[PDB]
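Student: Attaching a single structure in structure tokens format; questions to follow.
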Amino acid sequence: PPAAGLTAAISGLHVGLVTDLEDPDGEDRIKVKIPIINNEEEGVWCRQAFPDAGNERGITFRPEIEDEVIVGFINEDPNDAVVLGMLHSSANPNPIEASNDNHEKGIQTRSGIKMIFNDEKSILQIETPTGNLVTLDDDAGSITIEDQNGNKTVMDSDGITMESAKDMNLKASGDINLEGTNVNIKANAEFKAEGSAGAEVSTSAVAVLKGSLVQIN
Amino acid sequence: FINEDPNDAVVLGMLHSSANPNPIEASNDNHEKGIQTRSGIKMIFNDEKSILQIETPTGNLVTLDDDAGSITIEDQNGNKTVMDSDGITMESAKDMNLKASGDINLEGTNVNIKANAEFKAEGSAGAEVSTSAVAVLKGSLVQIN
Amino acid sequence: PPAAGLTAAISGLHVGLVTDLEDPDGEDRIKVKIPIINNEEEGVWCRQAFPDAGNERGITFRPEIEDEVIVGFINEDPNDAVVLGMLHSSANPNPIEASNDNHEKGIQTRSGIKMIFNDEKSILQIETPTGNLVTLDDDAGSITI
Amino acid sequence: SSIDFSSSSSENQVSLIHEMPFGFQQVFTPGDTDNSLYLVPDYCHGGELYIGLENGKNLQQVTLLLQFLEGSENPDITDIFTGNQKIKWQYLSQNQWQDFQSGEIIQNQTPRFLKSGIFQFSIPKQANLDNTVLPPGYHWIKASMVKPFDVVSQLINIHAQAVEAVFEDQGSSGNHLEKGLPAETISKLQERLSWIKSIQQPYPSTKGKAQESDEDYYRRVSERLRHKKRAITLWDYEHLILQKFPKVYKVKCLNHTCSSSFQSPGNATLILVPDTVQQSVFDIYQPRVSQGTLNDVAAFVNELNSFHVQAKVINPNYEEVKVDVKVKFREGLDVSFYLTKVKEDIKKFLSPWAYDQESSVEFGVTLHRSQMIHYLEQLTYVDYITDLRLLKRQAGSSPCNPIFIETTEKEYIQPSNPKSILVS
Amino acid sequence: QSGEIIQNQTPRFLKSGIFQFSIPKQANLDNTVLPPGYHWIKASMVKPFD
Amino acid sequence: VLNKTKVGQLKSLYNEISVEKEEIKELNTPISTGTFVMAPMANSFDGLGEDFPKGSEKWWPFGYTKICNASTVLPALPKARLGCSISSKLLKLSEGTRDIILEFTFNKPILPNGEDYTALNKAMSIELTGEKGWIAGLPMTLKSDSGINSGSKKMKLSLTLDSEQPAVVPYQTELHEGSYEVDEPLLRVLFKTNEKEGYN
């Protein structure tokens, strides 16, 4: 007989609502109401299934209070309920618009942090609510890192560009070595260079020193 | 079980218990979500503070933090890059090499170069130091050609 | 009586095929054929379960047209079907080769964008189809962009 | 630089800020003029209590429970809110204190902070969360008094969202009625509703009464047949009160006592001692009767005395001596029957006279022979060579020169009134 | 203090038994004479070691 | 009707006056003239957060001014903090010997008995915003030319800083630990309410 003959059994799958995420006996259960039984009281403690779980590992997301979930029952016993997944509806819209092309996939949290995969354009974009983002874009052939304060680094077909909103500090405990075909240094106010053990400017062709006044020692 | 046949079984999901604890502590506030693997590699989403952090077991990490207004990239060897309200800072544990197949162009209001031992600059087709105001060359000894 | 005595009931879980992802009445349903009933017509609208969902949030992936899925039924009524997950088979191979060591895990999309977690070597690698990549490698002690 | 604070058309380039006990205020900004500035905030004579509220809204109602320890006030003050005087209430807006309007206070059951009760009000429009004289983020409400600090009772706590409820008499046995329902017995509704996270019960229930037993029925009828409901002699007064007022533990009638005399004809004083069994609330070493009971008792009896006589009803104003003794010759163990445990038992035996508790001994105010018997009865004792219990002449806290009880008294009370001989 | 030791069945370390006590208020985890992170309790004797 | 409004904080003050202001002829009166105290946490044991001992939880809604009462002995409450501050550009001082003079004028005469600089140093305490935090202690003692003349409407104050002292700088919330909307340096003066001179 159903549910071992010890209780009335409940067949099929049912829909419930989440009322409490803190399990008094440490089994990682969540409390869920089932409206076809009673939609006013607190509900019962259910076990939750995850896509990945083990001893101190796994992928963990939990429903918010009043989220709608789908519930199964072990051996059709009403008090061996298991949460199998979360549902969407017009009262709780899906953030990614449906299409038969199925180009957009990803993760979006409560606070607005996104991670989106665009197949049509081969683009991966990670972004927070106030402008901090990292983008990998094969339709541009580039990588962009940008913050909310106006600082930006870009790697693309024209080489590597870095810009700072305020200042820039390059430091090393060892040597600093710059190379290139043409090295051009400009300042809108002052230029200085120092060395505690000497300094040198040299070339195989012509050295030039100019100013409105040139002083030597 | 498909059609309630004992030999058409399907696995629907994995379970936690006190014998196999959930790595993220339960709370009715539900602020912390994420992925944690067997070896300790994490990817965690903090809603309260709007923080996304990716981190491996021996200190290699990338953090996006809206409660700081910054982006940090840091490795296990002490190398670090930070973008924040004070601009862009880079530090190296040992050395730093900047190279290009083309030109290197530096700009700013004030450019300050310091070395604790030596400073050198070269150009195979010449070199130039100039200014509209005053050029200065000093040392305990100055040699020209 | 089964399915409230109003219709023939359907017991156990069944396998179906996806034919249409655009729901005419806005409930986020998908249309699925069930071959043990009829493998030629269009099918019926089913609700989809997700690992995370709520008001303007969640983890969303949808099956492609002609993907194979596992379907449950509310109160054993044939027209209250719910999609619980997607299946693999030799006709639709799993991109990550099986092993009892279970070292490799991750995400791979239709266009070839990958995100792979290697436990053996503690490596996280994010990569697109034409060479744009970011790698965090504890077996090298380095970060590469 | 030189600044005339009253002059227009002058570069008064200075900023002035006042420092206050819990914050600050900007007074004068650069470019301003004024006619009356001071270097300091003005605090007038009196006392102030500030209550900060979290998460309200500018048009919602707030219900507050003020739980007092009733009777804990100073009985020897002559300025006591006579006539229609009461405690004043105000709210904070833009760093100013403002009076509440007539439609903003719904009820005030505690106008002079002497009894527990409800306060209920709506949050006024223009209530402000962003202020500097008091920390921002809270709505702030002020209560004030200009009287000495002890004319009001001490508090236990203040709670928001209080609701009153009552026992339903059905066909069962109301055993909890003699001593009321203990603190924290109630945690749930009959139908647990989904929206209620929770319910708390901090204090014991009160005002109930069980049906009369046969023993009480006979006791009550028998006394009326003797005293005829008149308050004439000693027995009459003492038994009329214990029958009428159920939460009085002991009573004492004083035949010629006035506050300044123990020989004045035409008067009387009555002393009331409460039970205070629910020590979760009460101070069991200073049990006191609240004004409600002191006044109700006086009214009840004065109607039954005589046209010519009014009685006064007071608290005992307890004072007492305490024991010291030779070490016990035996104990169960140094810990199990520690001298501290013996001290606790001694305190309980005495406390039972001061306040309700169990005690085998007839009275605390007794000879050492009674004390010896009480200890001899213990299962963890054998003997003690000597004991004494003089009054604490060496009590520094209550001023020195205090009377001692050394002259071979059987723990006699220091006085007819303003004494108890029940230290514990 | 007198209320902090509940029982001592082993007063002279000659027989097996139970010692029971409460952790006192003002017990301190942050010290330097003994490693931090632990509450520390001391027992002592002035007699030969055996 | 139930909602989420909660009681968050409880604070209290008390000002007790024994002597009518008209009898203050000098700051160092032979008799106390009044007492002012505060409790930052009104419902704690000492007014500052100490837990009530197990046996009883009781507190006075408007504080207290005496230690020994009808039955017990309580810890004293801290005395009220009262004062003011001045902010202006002339305080931007970075080096050398610095001498700062302040003069104050009122509508009415101050007292029948004028006051020595040693009287003022028992009544007040002055601090400045500097490079490493607040400048305080011995360097901020009033000098000998300060004081109040007997029939005058003017009070004079005098401070000096050694060449070895930190610079005086504009106020910074991250350095001087506060919340003032001031873009200049601050000079802060508090009254020593613990003393008769400060209170007077």
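Student: How many of the residues in the stretch F:109-149 are farther than 30 Å from F:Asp183 by Cα, touching a residue at least 12 places away in the same chain (Cβ under 8 Å) and not acidic (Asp, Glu)?
Tutor: Filtering the stretch F:109-149 down to residues farther than 30 Å from F:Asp183 by Cα leaves F:109-119, F:122, F:144-145, F:147-149.
Of the ones still in play, those that are also touching a residue at least 12 places away in the same chain (Cβ under 8 Å) are F:109-117, F:119, F:122, F:144-145, F:147-149.
Narrowing the set further to residues that are not acidic (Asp, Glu) leaves F:109-114, F:117, F:119, F:122, F:144, F:147-149.
Number satisfying all stated conditions: 13.
Student: Can you find a residue that is closer than 17 Å to D:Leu65 by Cα and either among the aromatic types (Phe, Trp, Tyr) or more than 22 Å from the chain's Cα centre (by Cα) (or both) anywhere in the stretch D:201-215? Even if it seems obvious, please write down each step before you answer.
Tutor: So the first thing to find is which residues in the stretch D:201-215 are closer than 17 Å to D:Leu65 by Cα, and the list is D:201-206.
Adding the requirement that they be either among the aromatic types (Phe, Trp, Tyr) or more than 22 Å from the chain's Cα centre (by Cα) (or both) leaves D:203.
Yes, the stretch D:201-215 contains a residue that is closer than 17 Å to D:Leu65 by Cα and either among the aromatic types (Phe, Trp, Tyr) or more than 22 Å from the chain's Cα centre (by Cα) (or both).
Student: Give the number of residues within the stretch F:133-162 that are part of a loop (DSSP other than H, G, I, E, B) and of a type outside the set (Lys, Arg).
Tutor: The qualifying residues number 12.
Student: Have a look at A:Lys171, A:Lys166, A:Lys210, A:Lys192 and point out the one that is at the interface with chain B (Cβ under 7 Å from one of its Cβ atoms), more than 49 Å from the chain's Cα centre (by Cα) and not aromatic (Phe, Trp, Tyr).
Tutor: On the way: A:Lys171 fails: more than 49 Å from the chain's Cα centre (by Cα); A:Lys166 fails: more than 49 Å from the chain's Cα centre (by Cα); A:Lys192 fails: more than 49 Å from the chain's Cα centre (by Cα).
Of the residues listed, the single one that is at the interface with chain B (Cβ under 7 Å from one of its Cβ atoms), more than 49 Å from the chain's Cα centre (by Cα) and not aromatic (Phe, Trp, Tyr) is A:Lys210.
Student: Now for a different question. Just to be sure, is D:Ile87 among the hydrophobic types (A, V, I, L, M, F, W, C), out of contact with any strand residue (DSSP E or B) (no Cβ under 9 Å at 6 or more places or on another chain) and within 12 Å of chain F (Cβ to nearest Cβ)?
Tutor: Values: among the hydrophobic types (A, V, I, L, M, F, W, C): yes; out of contact with any strand residue (DSSP E or B) (no Cβ under 9 Å at 6 or more places or on another chain): no; within 12 Å of chain F (Cβ to nearest Cβ): yes.
So D:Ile87 does not fit the description; no.
Student: Output the residue which, of all residues in the stretch D:191-235 that are away from chain A (no Cβ under 14 Å) and touching a strand residue (DSSP E or B) at 6+ places or on another chain (Cβ under 9 Å), is surrounded by the most Cβ atoms within 10 Å (Cβ to Cβ).
Tutor: Going through the stretch D:191-235, the residues away from chain A (no Cβ under 14 Å) turn out to be D:200-235.
Then keep just the ones that are touching a strand residue (DSSP E or B) at 6+ places or on another chain (Cβ under 9 Å); that gives D:200, D:202-203, D:231, D:233-235.
On the way: D:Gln200: 10, D:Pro202: 13, D:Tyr203: 18, D:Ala231: 22, D:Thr233: 11, D:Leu234: 12, D:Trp235: 12.
So, considering only residues that are away from chain A (no Cβ under 14 Å) and touching a strand residue (DSSP E or B) at 6+ places or on another chain (Cβ under 9 Å), the one surrounded by the most Cβ atoms within 10 Å (Cβ to Cβ) is D:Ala231.
Student: Looking only at residues that are outside any loop (DSSP other than H, G, I, E, B) and more than 17 Å from C:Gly54 (Cβ to Cβ) in the stretch A:89-114, which one is nearest to the other protein chains (Cβ to nearest Cβ)?
Tutor: Initially, the stretch A:89-114 is screened for residues outside any loop (DSSP other than H, G, I, E, B), giving A:89, A:92, A:104-108, A:114.
Going one step further and asking which of them are more than 17 Å from C:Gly54 (Cβ to Cβ), we end up with A:104-105.
Working: A:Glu104: 9, A:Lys105: 6 Å.
By that ranking, first place goes to A:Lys105.
Student: Same structure again: For the stretch C:15-35, what are the residues that are more than 15 Å from A:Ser89 (Cβ to Cβ) and facing chain A (nearest Cβ under 7 Å)?
Tutor: C:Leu21, C:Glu22
Conditions (1) surrounded by 16 or more Cβ atoms within 10 Å (Cβ to Cβ); (2) within 11 Å of chain F (Cβ to nearest Cβ), marked per residue:
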residue: D:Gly103; (1), (2): no, no
residue: D:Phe121; (1), (2): yes, yes
residue: D:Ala127; (1), (2): yes, no
residue: D:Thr132; (1), (2): yes, yes
residue: D:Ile141; (1), (2): yes, yes
residue: D:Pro148; (1), (2): yes, yes
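Student: Of everything in the stretch A:115-125 that's at the interface with another protein chain (Cβ under 7 Å from one of its Cβ atoms) and touching a strand residue (DSSP E or B) at 6+ places or on another chain (Cβ under 6 Å), which residue is surrounded by the most Cβ atoms within 10 Å (Cβ to Cβ)? Break it down into steps so the answer makes sense when it comes.
Tutor: At the first step, the residues of the stretch A:115-125 found to be at the interface with another protein chain (Cβ under 7 Å from one of its Cβ atoms) are A:117, A:119, A:122, A:124.
From the residues that got through so far, the ones that are touching a strand residue (DSSP E or B) at 6+ places or on another chain (Cβ under 6 Å) too are A:117, A:124.
Working: A:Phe117: 21, A:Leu124: 23.
Step by step, filter the stretch A:115-125, then rank; the result is A:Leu124.
Student: Related question: Among the numbered criteria (1) without any contact (Cβ under 8 Å) to a residue 60 or more places away in the chain; (2) of a type in the set (A, V, I, L, M, F, W, C); (3) in a loop (DSSP other than H, G, I, E, B), which one does D:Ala183 miss?
Tutor: It is condition (1) that D:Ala183 fails.
Student: Answer yes or no: is there a residue in the stretch C:41-62 that is within 7 Å of chain A (Cβ to nearest Cβ) and touching a residue at least 40 places away in the same chain (Cβ under 8 Å).
Tutor: Among the residues of the stretch C:41-62, at least one is within 7 Å of chain A (Cβ to nearest Cβ) and touching a residue at least 40 places away in the same chain (Cβ under 8 Å), which makes the answer yes.
Student: Quick one: which of D:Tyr38, D:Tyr50, D:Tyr43 is crowded, with 16+ Cβ neighbours inside 10 Å and within 23 Å of F:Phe36 (Cα to Cα)?
Tutor: Numbers: D:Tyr38 fails: crowded, with 16+ Cβ neighbours inside 10 Å; D:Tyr43 fails: crowded, with 16+ Cβ neighbours inside 10 Å.
Going through D:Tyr38, D:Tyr50, D:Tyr43 in turn, just one is crowded, with 16+ Cβ neighbours inside 10 Å and within 23 Å of F:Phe36 (Cα to Cα): D:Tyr50.
Student: When the stretch F:88-125 is examined, which residues are found to be among the β-branched types (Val, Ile, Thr), touching a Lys or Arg at 6+ places or on another chain (Cβ under 8 Å) and assigned to a strand (DSSP E or B)? Even if it seems obvious, please write down each step before you answer.
Tutor: The initial filter retains those residues of the stretch F:88-125 that are among the β-branched types (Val, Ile, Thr), namely F:97, F:100-101, F:105, F:110, F:118.
Imposing the further condition that a residue be touching a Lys or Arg at 6+ places or on another chain (Cβ under 8 Å) reduces the set to F:101, F:105, F:110.
F:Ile101, F:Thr105, listed by residue number.
Student: Restricting to the stretch D:241-259, give me the number of residues that are in contact with a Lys or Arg (Cβ under 9 Å, 6 or more places away or on another chain), touching a residue at least 24 places away in the same chain (Cβ under 8 Å), under 21 Å from D:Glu178 (Cβ atoms) and surrounded by 14 or more Cβ atoms within 10 Å (Cβ to Cβ).
Tutor: Residues in the stretch D:241-259 being in contact with a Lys or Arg (Cβ under 9 Å, 6 or more places away or on another chain), touching a residue at least 24 places away in the same chain (Cβ under 8 Å), under 21 Å from D:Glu178 (Cβ atoms) and surrounded by 14 or more Cβ atoms within 10 Å (Cβ to Cβ): 0 in total.
Student: Another one. Considering only residues that are among the β-branched types (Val, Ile, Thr) and either free of Cβ contacts under 8 Å to residues at least 12 places away in the same chain or under 17 Å from B:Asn3 (Cα atoms) (or both), which ones fall in the stretch C:63-77?
Tutor: Filtering the stretch C:63-77 down to residues among the β-branched types (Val, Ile, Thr) leaves C:65, C:69-71, C:74.
C:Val69, C:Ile70, C:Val71, C:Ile74 - these are the residues of the stretch C:63-77 that are among the β-branched types (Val, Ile, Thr) and either free of Cβ contacts under 8 Å to residues at least 12 places away in the same chain or under 17 Å from B:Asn3 (Cα atoms) (or both).
Student: With respect to C:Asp138, is the statement that it is farther than 27 Å from A:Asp139 by Cα, more than 10 Å from chain A (Cβ to nearest Cβ), over 22 Å from the mean Cα position of the chain (by Cα) and surrounded by fewer than 12 Cβ atoms within 10 Å (Cβ to Cβ) true? Break it down stepwise before answering.
Tutor: Values: farther than 27 Å from A:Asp139 by Cα: yes; more than 10 Å from chain A (Cβ to nearest Cβ): yes; over 22 Å from the mean Cα position of the chain (by Cα): yes; surrounded by fewer than 12 Cβ atoms within 10 Å (Cβ to Cβ): no.
When the stated conditions are applied, C:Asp138 does not pass them.
Student: Could you grab me the full set of residues in the stretch F:159-185 that are under 16 Å from F:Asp99 (Cα atoms) and within 14 Å of chain D (Cβ to nearest Cβ)?
Tutor: Passing the criteria: only F:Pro185.
Student: Read through the list (1) of a type outside the set (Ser, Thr, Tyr); (2) at the interface with chain B (Cβ under 7 Å from one of its Cβ atoms); (3) farther than 21 Å from B:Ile54 by Cα; (4) part of a loop (DSSP other than H, G, I, E, B), then give the number of the only condition that A:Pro129 fails.
Tutor: Every condition holds for A:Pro129 apart from (3).
Student: Restricting attention to the stretch D:323-345, does a residue exist that is surrounded by 12 or more Cβ atoms within 10 Å (Cβ to Cβ), within 26 Å of the chain's Cα centre (by Cα) and in contact (Cβ under 8 Å) with a residue 40 or more places away in the chain?
Tutor: Looking through the stretch D:323-345, none of the residues is surrounded by 12 or more Cβ atoms within 10 Å (Cβ to Cβ), within 26 Å of the chain's Cα centre (by Cα) and in contact (Cβ under 8 Å) with a residue 40 or more places away in the chain.
Residues are listed down the side, and each one gets a yes or a no for (1) among the aromatic types (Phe, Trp, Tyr); (2) farther than 26 Å from F:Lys21 by Cα; (3) free of Cβ contacts under 8 Å to residues at least 24 places away in the same chain; (4) within 14 Å of chain F (Cβ to nearest Cβ):
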residue	(1), (2), (3), (4)
D:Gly46	no, no, no, yes
D:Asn58	no, yes, no, yes
D:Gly71	no, yes, no, yes
D:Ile80	no, no, no, no
D:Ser93	no, yes, no, no
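Here is a yes/no grid of residues against (1) surrounded by 13 or more Cβ atoms within 10 Å (Cβ to Cβ); (2) touching a residue at least 60 places away in the same chain (Cβ under 8 Å); (3) among the small types (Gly, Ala, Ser); (4) part of a loop (DSSP other than H, G, I, E, B):
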site: D:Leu390; (1), (2), (3), (4): yes, yes, no, yes
site: D:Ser398; (1), (2), (3), (4): yes, no, yes, yes
site: D:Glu409; (1), (2), (3), (4): yes, no, no, yes
site: D:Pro415; (1), (2), (3), (4): yes, yes, no, yes
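Student: Within the stretch F:53-87, take every residue that is assigned to a strand (DSSP E or B), of a type outside the set (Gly, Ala, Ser) and touching a residue at least 24 places away in the same chain (Cβ under 8 Å) and give me the one that is farthest from the other protein chains (Cβ to nearest Cβ).
Tutor: Across the stretch F:53-87, the extreme among qualifying residues is F:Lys79.
Student: Being more than 10 Å from every other protein chain (Cβ to nearest Cβ), in a strand (DSSP E or B), more than 30 Å from D:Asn58 (Cβ to Cβ) and touching an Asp or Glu at 6+ places or on another chain (Cβ under 9 Å) is the requirement here; does F:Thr29 meet it? Spell out the reasoning first.
Tutor: Working: more than 10 Å from every other protein chain (Cβ to nearest Cβ): yes; in a strand (DSSP E or B): no; more than 30 Å from D:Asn58 (Cβ to Cβ): yes; touching an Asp or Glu at 6+ places or on another chain (Cβ under 9 Å): yes.
Against the criterion (more than 10 Å from every other protein chain (Cβ to nearest Cβ), in a strand (DSSP E or B), more than 30 Å from D:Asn58 (Cβ to Cβ) and touching an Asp or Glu at 6+ places or on another chain (Cβ under 9 Å)), F:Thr29 does not qualify.
Student: Which residues, taken from the stretch D:348-388, are without any contact (Cβ under 8 Å) to a residue 12 or more places away in the chain and among the basic types (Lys, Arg)?
Tutor: Within the stretch D:348-388, just D:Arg369 meets the criteria.
Read the figures in this text as sums done on the coordinates, not as results from a lab. Please note: Cβ atoms are built from the backbone with ideal geometry, for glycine as well, and neighbour counts cover all protein chains shown.
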